[PDB]
Structure formats: C-alpha cells, structure tokens
Amino acid sequence: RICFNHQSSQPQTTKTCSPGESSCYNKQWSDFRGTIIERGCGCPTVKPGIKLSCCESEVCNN
C-alpha cells in the first residue's frame with residue numbers, strides 16, 4: 001500500500017506503508033491555526049471532533 005502523507009495543500013508526498021497495512025487515512029480538524037488535513041498510512045482511532053475518512057486502495061486519501 002502506498003498513501004499520500006502530505007498536510008492540507010502542501011506539495012504531494014507519498015509513503016510506503018508497513019507490510020500488511022491495507023488502508024490510507026485522511027483526518028480533518030480546525031484549531032486556532034486553521035483547517036488541517038492530515039494524511040498517512042493506516043486507519044487510526046476515531047477521536048472526538050475530528051473527521052476521519054479511511055480507504056483501502058492505492059493513493060486513495062488525496
């Protein structure tokens with residue numbers, strides 16, 4: 001599995017996930033700084049007030 005791992009609108013970067021990892025994630029939240037979009041490997045645990053979208057296909061978390 002290969003996922004995008006860049007933040008919000010910075011230039012696109014990818015990451016090779018560790019063996020057996022099948023998902024990619026896209027997290028989104030706002031803080032005092034702005035609207036943040038985090039991307040990477042896996043499907044992390046759902047935490048209050050943060051939007052989480054998980055997908056299982058190559059570079060699916062744009």
# chains A, B, ... in the order shown; residues from 1 in each chain; ligands from 1
>>> residues_around(residues="residue 17 in chain A", least_positions_apart="2", cutoff="7 Å", atoms="only C-alpha atoms", output="list in words")
residues 1, 2, 15, 19, 21 and 41 of chain A
>>> residues_around(residues="residue 36 in chain A", least_positions_apart="6", cutoff="9 Å", atoms="only C-alpha atoms", output="PyMOL selection string")
chain A and resi 7-8+27-30
>>> write_last_selection(atoms="N, CA, C and O atoms", output="compact mmCIF listing (two decimals), in the first residue's frame")
# COMPACT_ATOMS: atom_id res chain seq x y z
N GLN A 7 0.30 17.25 4.27
CA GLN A 7 -0.66 18.05 5.00
C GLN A 7 -1.34 19.09 4.11
O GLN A 7 -0.75 19.70 3.21
N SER A 8 -2.63 19.22 4.35
CA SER A 8 -3.53 20.14 3.66
C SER A 8 -3.15 20.32 2.20
O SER A 8 -3.30 19.39 1.37
N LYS A 27 -7.57 12.78 7.82
CA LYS A 27 -8.13 13.40 9.02
C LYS A 27 -8.29 14.91 8.70
O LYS A 27 -7.47 15.47 7.98
N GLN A 28 -9.30 15.49 9.31
CA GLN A 28 -9.56 16.92 9.13
C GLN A 28 -10.12 17.52 10.41
O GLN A 28 -11.07 17.00 11.03
N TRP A 29 -9.53 18.63 10.82
CA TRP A 29 -10.00 19.33 12.03
C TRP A 29 -9.51 20.78 11.89
O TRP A 29 -8.63 21.04 11.07
N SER A 30 -10.13 21.60 12.69
CA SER A 30 -9.80 23.02 12.77
C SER A 30 -9.37 23.27 14.23
O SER A 30 -9.92 22.66 15.17
>>> select_by_dssp(residues="chain A", states="strand (DSSP E)", output="list in words")
residues 2, 3, 4, 14, 15, 16, 24, 25, 26, 27, 28, 29, 30, 35, 36, 37, 38, 39, 40, 41, 51, 52, 53, 54 and 55 of chain A
>>> write_last_selection(atoms="C-alpha atoms", output="compact mmCIF listing (two decimals), in the first residue's frame")
# COMPACT_ATOMS: atom_id res chain seq x y z
CA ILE A 2 1.11 3.50 -0.94
CA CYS A 3 -0.59 6.54 0.58
CA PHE A 4 -0.34 10.33 0.38
CA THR A 14 3.74 9.61 -0.71
CA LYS A 15 4.58 6.94 1.85
CA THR A 16 5.06 3.18 1.59
CA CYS A 24 -4.81 5.07 3.99
CA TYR A 25 -6.41 7.87 6.04
CA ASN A 26 -7.49 11.50 5.75
CA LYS A 27 -8.13 13.40 9.02
CA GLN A 28 -9.56 16.92 9.13
CA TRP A 29 -10.00 19.33 12.03
CA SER A 30 -9.80 23.02 12.77
CA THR A 35 -8.29 23.88 8.85
CA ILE A 36 -5.89 20.93 8.96
CA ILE A 37 -5.87 17.90 6.68
CA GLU A 38 -3.63 15.03 7.82
CA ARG A 39 -2.91 12.04 5.55
CA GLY A 40 -0.89 8.86 6.01
CA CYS A 41 -0.91 5.11 6.39
CA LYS A 51 -13.34 13.95 10.91
CA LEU A 52 -11.86 10.68 9.69
CA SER A 53 -12.11 9.03 6.31
CA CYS A 54 -10.41 5.71 5.56
CA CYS A 55 -9.91 3.99 2.22
>>> atom_distance(atom1="CA of residue 34 in chain A", atom2="CA of residue 58 in chain A")
28.1 Å
